[PDB]
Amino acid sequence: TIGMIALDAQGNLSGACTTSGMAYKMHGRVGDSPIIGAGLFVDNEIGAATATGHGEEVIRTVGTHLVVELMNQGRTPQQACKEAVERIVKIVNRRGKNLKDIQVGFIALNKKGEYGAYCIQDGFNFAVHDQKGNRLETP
């Protein structure tokens, strides 16, 4: 899956999300990538976010809509991503699941061009390209 969000020179946000899904998935299985509150959400007054991780778990938590409402509530992109993941961990615990089996992460951007990212588990990277150039960061 690749999810991509951007703020242009006018200060407008937009995003895109694309995948072939889980390899060897059941026929007709759909993940978070085409679902608007789940794989991608953009509000040009607040910010945008895209998800990574197990599609099922992102659908279940409507994660990217949660991230953008936490930025609406007053969190920076970084704080929104972290607080979102921390709620998801508490839900995985409520469902009596082993956290090692679950992976959900987000990258987020707000109107000011501030950005952030966070994941349940380590091993995810994301690329940031602003006027300081293109760089791969780690949540």
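Quick note: we count residues from 1 along the sequence shown, nothing fancier.
- When the C-alpha B-factors of 4-12 and 129-137 are averaged, 129-137 comes out higher.
- Here the stretch with the larger average CA B-factor, out of 118-126 and 17-25, is 118-126.
- In this entry, the residue among 56, 43, 69, 86 with the greatest C-alpha B factor is 86.
- Among 92, 62, 49, 80, the highest C-alpha B-factor in the deposited entry belongs to 92.
- Among the modelled residues of the chain, residue 98 sits in the highest third by CA temperature factor in this PDB entry.
- In this PDB entry, the Cα temperature factor of residue 109 sits in the middle third of its chain's modelled residues.
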